[PDB]
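Presented below, as structure tokens, is a lone chain in the form deposited in one PDB entry.
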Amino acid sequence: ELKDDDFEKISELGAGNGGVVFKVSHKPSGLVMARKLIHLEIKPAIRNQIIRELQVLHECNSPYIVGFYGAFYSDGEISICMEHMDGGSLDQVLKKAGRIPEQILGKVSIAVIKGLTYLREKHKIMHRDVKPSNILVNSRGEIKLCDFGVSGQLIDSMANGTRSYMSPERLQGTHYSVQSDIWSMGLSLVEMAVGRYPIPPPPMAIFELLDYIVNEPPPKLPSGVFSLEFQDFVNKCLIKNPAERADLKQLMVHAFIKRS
């Protein structure tokens, strides 16, 4: 259904480690979509795997997950086509917005945790990559998650900087899982709250950095400037220990979101 020649570059939405994304127009349909090119030097068998595994994204419908239209391969570059969210990613919003208010972070948290639990229950997958830039917003006030790990093979093929939102345990070994996403969210809401990457507490090299998050105490929210309920919420996400750390059920019925 989706083909390379059937598209038309409109503008460029942004870029990261391994992917470029364009605001594009799907001629046959008129739909404005976001198209993500991932450059992969890869053999036909696996190139087909990744595509085959991306089909699952047709079954990912939630108001908390970014819509998916199709995926295909075109000249050394794999394509994922998705809902264009005309507000961009929270990392952008933060840059232009200085710091994001506690009340809004509240709406954001609701969405992220609803999004995570949907991917867990209905599809049995962890997100693996939650952080401000993988949470998209749109003018209809929607707040959706993208770039979650639906395809093992694509994670593989992409085995290949500054900030990390990876959990202490994921940083330390392969002994991690869905609990790891919670830490990410924790860290992301702290970032967006204060307007700055919260490590170290208010220019740091890779080991300094990575060593801080695994050996030094977790970041906390500034005091007095944020409700005690926001504090406890973040605090329960950022607990070094995966088992002690809040799980998805517990955060759903936490005070902070209840207030939200």
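So that there is no doubt, residue numbering starts at 1 and follows the sequence shown. Whichever C-alpha set is largest while still superposing within 1.5 Å between the two forms counts as the rigid core.
- Where coordinates are absent for parts of the deposited sequence, a chain break appears; between neighbours residue 160 and residue 161 it spans 1 to 3 residues.
- Counting the unmodelled positions of the deposited sequence between residue 217 and residue 218 gives zero.
- When 94-102 is weighed against 107-115, 94-102 comes out higher, by mean CA B-factor as recorded in the entry.
- Of the residues listed, 74, 180, 133, 188, the entry assigns the biggest Cα temperature factor to 74.
- For residue 156, the recorded CA temperature factor ranks within the highest third of the chain's modelled residues.
- When the modelled residues of the chain are ordered by C-alpha B-factor, residue 66 sits in the lowest third.
- Per the PDB record, residue ranking by Cα B-factor puts residue 252 in the highest third of the chain.
- Ranked within its chain, residue 50 lands in the highest third, by CA B factor from the PDB record.
- In this PDB entry, residue 196 carries a Cα temperature factor that places it within the highest third of its chain's modelled residues.
Keep in mind that the form deposited in another entry is missing from the display, and what follows is about it.
- 166 is the only residue from 104, 111, 166, 93 whose Cα shifts by 2 Å or more between this form and the one not shown, the rigid core being superposed.
- Once both forms are overlaid on the rigid core, the distance between the two CA positions of residue 134 between this form and the one not shown is under 2 angstroms.
- With the core superposed, residue 81 shows a C-alpha displacement below 2 Å between this form and the one not shown.
- Once both forms are fitted on their rigid core, the CA atom of residue 221 lies less than 2 Å apart between this form and the one not shown.
- Inter-residue distance, residue 70 to residue 59 (Cα): reduced by at least 3 Å in the other entry versus the depicted form.
- Three angstroms is the minimum change: in the other entry, the CA atoms of residue 245 and residue 170 sit farther apart than in this structure, by 3 Å or more.
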